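Reviewing the structure listed below.
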Amino acid sequence: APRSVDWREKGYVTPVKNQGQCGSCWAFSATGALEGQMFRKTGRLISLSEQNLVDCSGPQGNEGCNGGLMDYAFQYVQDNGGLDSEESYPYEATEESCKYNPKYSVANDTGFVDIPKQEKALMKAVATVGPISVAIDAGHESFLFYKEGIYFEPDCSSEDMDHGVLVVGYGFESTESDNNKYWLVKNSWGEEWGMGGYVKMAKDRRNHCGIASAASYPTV
Ligand SMILES: *C(=N)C1(NC(=O)[C@@H]2C[C@@H](S(=O)(=O)c3ccccc3Cl)CN2C(=O)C2(c3ccc(Cl)s3)CC2)CC1
Ligand SMILES: [Cl-]
């Protein structure tokens, strides 16, 4: 495999978005993964509607601005036969009645793949598939106030993930020091957070923060 991967370099990734004051991280993770797989299919990068997921995927198990699962979002797109563009169904950061309109659907999915709970399996998927939805433990002040460098939190959990994000690659920092690898992660907290909205999550450090515990992507 390559020593570093960055799917932004191939046009798979929309700019950083901001979920605002709604607990819709799961929806941004899911649209990021589906944006990448739709691009893999068609060669067209089209921003997808998180609002459509927030408002409409309750029957699949999601809970709007109070949380959800990326796999439930993928199941919704499959069940629903489509997902509207960001343009047609703009983001409001509040849960409303479903306004899905099939006229403006620009994406589909046929299922989803759950990667096994192994950083090696996650690496193979990132190297070959595209951006991957992942669950992480973001429940520490260190994450909230992250600015730069490889994020490592000694108290991070590999089981109590609480935040859905998107792995768009991996790499390493030049150093003689032990443990210099990271996952390149797109967050949904705007470019004002982290490294222009991204975080380098420690890689190959005992499944740090659970990044390989609930990784998945949609089939299209
Ligand atoms: C995002 N803004 C918030 N976080 C969530 O909605 C997260 C996203 C997933 S998770 O934590 O990434 C996850 C954990 C374990 C297995 C798979 C995943 Cl994808 C779930 N989540 C939650 O807050 C949970 C929910 C589980 C089922 C739901 Cl429906 S919501 C409590 C774990 C802050 C909202
Ligand atoms: Cl939130």
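Residue numbers run from 1 in the order of the sequence given. Hydrogens, waters and symmetry mates are skipped; everything else that's a heavy atom, side chains included, is used.
- Side-chain contact between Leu184 and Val5 is absent, with no heavy atoms from C-beta onward closer than 4.5 Å.
- Within a 6.0 Å radius of CG in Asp79, more than 12 heavy atoms belonging to other residues, nucleotides or ligands are found.
- Considering only heavy atoms from C-beta on, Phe74 stays 4.5 Å or farther from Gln60 through its side chain.
- Under a hydrophobic-cluster definition in which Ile, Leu, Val, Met, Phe, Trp and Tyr are linked whenever side-chain heavy atoms come within less than 4.5 Å, directly or via other members, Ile211 and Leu69 are assigned to different clusters.
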Would you be so kind as to tabulate the donor-acceptor pairs closer than 3.5 Å made by side chains of residues 106-114, with sequence neighbours excluded?
from   : atom 1 : to     : atom 2 : distance (Å)
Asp109 : OD1    : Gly111 : N      : 3.1
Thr110 : OG1    : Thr219 : O      : 3.1
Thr110 : OG1    : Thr219 : OG1    : 2.8

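- Between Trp183 and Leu122 the shortest side-chain heavy-atom distance falls below 4.5 Å.
- Between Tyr170 and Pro2, the shortest heavy-atom distance links the atoms OH-O, 2.8 Å.
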Name the atoms and distances for all side-chain donor-acceptor pairs under 3.5 Å in residues 29-44, with sequence neighbours left out.
from  : atom 1 : to     : atom 2 : distance (Å)
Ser29 : OG     : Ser133 : OG     : 3.1
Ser29 : OG     : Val165 : O      : 2.7
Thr31 : OG1    : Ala27  : O      : 3.2
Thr31 : OG1    : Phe28  : O      : 3.1
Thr31 : OG1    : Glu50  : OE2    : 2.6
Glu35 : OE1    : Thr14  : OG1    : 2.8
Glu35 : OE2    : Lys17  : NZ     : 2.9
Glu35 : OE2    : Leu48  : N      : 2.9
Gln37 : OE1    : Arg40  : NH1    : 2.9
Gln37 : NE2    : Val129 : O      : 3.0
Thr42 : OG1    : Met38  : O      : 3.0
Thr42 : OG1    : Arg44  : N      : 3.0

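- Distance check, rounded to the nearest 0.5 Å: CG of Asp84 to OH of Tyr104 gives 9.5 Å.
- Between atom CD1 of residue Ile150 and atom OG of residue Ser177 there is a gap of 10.0 Å, rounded to the nearest 0.5 Å.
- Qualifying ring-ring contact (aromatic ring centres under 6.0 Å, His included) partners for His140, counting only residues two or more places apart in sequence or in other chains: none.
- Side-chain contact between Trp7 and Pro131 is present, with at least one heavy-atom pair separated by less than 4.5 Å.
- Residues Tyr91 and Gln19 meet the side-chain proximity criterion, which asks for heavy atoms closer than 4.5 Å.
- Interatomic distance, CD1 of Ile136 versus CG of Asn207, reported as 11.5 Å (0.5 Å rounding).
- The aromatic rings of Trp189 and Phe143 sit perpendicular, their planes meeting at an angle over 60°, well past the 30° parallel limit.
- Of all heavy-atom pairs between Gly11 and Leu45, the closest is O-CD2, 3.6 Å.
- Contacts of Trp26 classified as ring-ring contact (aromatic ring centres under 6.0 Å, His included), with partners at least two apart in sequence or in another chain: none.
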Assess whether side chain to side chain contact (heavy atoms under 4.5 Å, CB included) is satisfied between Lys203 and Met123, documenting all intermediate values.
CA-CA 9 Å; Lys203 169 170 178 288; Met123 181 176 168; 3.5 Å; yes
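- With values rounded to the nearest 0.5 angstrom, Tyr217 atom OH is found 6.5 Å from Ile115 atom CD1.
- The number of heavy-atom neighbours closer than 6.0 Å to CD of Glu87, taken from other residues, nucleotides and ligands shown, is 12 or below.
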Tell me, with the steps shown, if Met201 and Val167 meet side chain to side chain contact (heavy atoms under 4.5 Å, CB included).
CA-CA 9 Å; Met201 292 294 288; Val167 175; over 6 Å; no
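- Here the OG atom belonging to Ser105 is positioned 12.5 Å from the OH atom belonging to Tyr89, to the nearest 0.5 angstrom.
- The two residues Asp162 and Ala138 have their closest heavy-atom pair at OD1-N, 2.8 Å.
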May I have the step-by-step check of side chain to side chain contact (heavy atoms under 4.5 Å, CB included) for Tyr198 and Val168, ending in yes or no?
CA-CA 10 Å; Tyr198 280 74; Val168 303; 3.6 Å; yes
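- The minimum heavy-atom distance between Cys25 and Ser188, with the atom names listed, is CA-OG, 4.0 Å.
- Among all heavy-atom pairs drawn from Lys200 and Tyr146, the shortest one is N-OH, 3.3 Å.
- Environment of CD in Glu173: crowded, with over 12 heavy atoms of neighbouring residues, nucleotides or ligands closer than 6.0 Å.
- Judged as a disulfide bond (SG atoms under 2.5 Å apart), the pairs with a partner in residues 128-220 (not counting sequence neighbours) are, in order, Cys156-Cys209.
- Contact between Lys186 and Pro15 at its shortest, heavy atoms only, is NZ-O, 3.3 Å.
- A donor and an acceptor atom, one from each side chain of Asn52 and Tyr76, are located under 3.5 Å apart.
- For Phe152, the ring-ring contact (aromatic ring centres under 6.0 Å, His included) test picks out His208, with sequence neighbours left out.
- A 4.5 Å side-chain heavy-atom check between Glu159 and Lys117 finds at least one atom pair inside the cut-off.
- Other residues, nucleotides and ligands contribute at most 12 non-hydrogen atoms within 6.0 Å of the NZ atom of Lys10.
- Neither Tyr151 nor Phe172 shares a network with the other; the hydrophobic side chains, linked directly or stepwise wherever heavy atoms of I, L, V, M, F, W or Y lie under 4.5 Å apart, form separate groups for each.
- To the nearest 0.5 Å, atom OG of residue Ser57 and atom CD of residue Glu63 are 10.5 Å apart.
- Within the 4.5 Å cutoff, the side chain of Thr94 has heavy atoms near those of the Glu96 side chain.
- Residues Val126 and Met161 are members of separate hydrophobic clusters, defined by side-chain heavy-atom contacts under 4.5 angstrom among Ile, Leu, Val, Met, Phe, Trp and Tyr.
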Evaluate the criterion side chain to side chain contact (heavy atoms under 4.5 Å, CB included) for residue pair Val199 and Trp193; output intermediate values, then yes/no.
CA-CA 9 Å; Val199 51; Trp193 179 87; 3.6 Å; yes
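- Within the 4.5 Å cutoff, no side-chain heavy atoms of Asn66 are placed close to those of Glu95.
- Between the side chains of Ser216 and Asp71, at least one donor N or O sits under 3.5 Å from an acceptor N or O.
- The main-chain N or O of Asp204 is found under 3.5 Å from a side-chain atom of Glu119 such that the two form a donor-acceptor pair.
- With hydrophobic clusters built from ILVMFWY side chains whose heavy atoms lie under 4.5 angstrom apart, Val134 shares a cluster with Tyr12.
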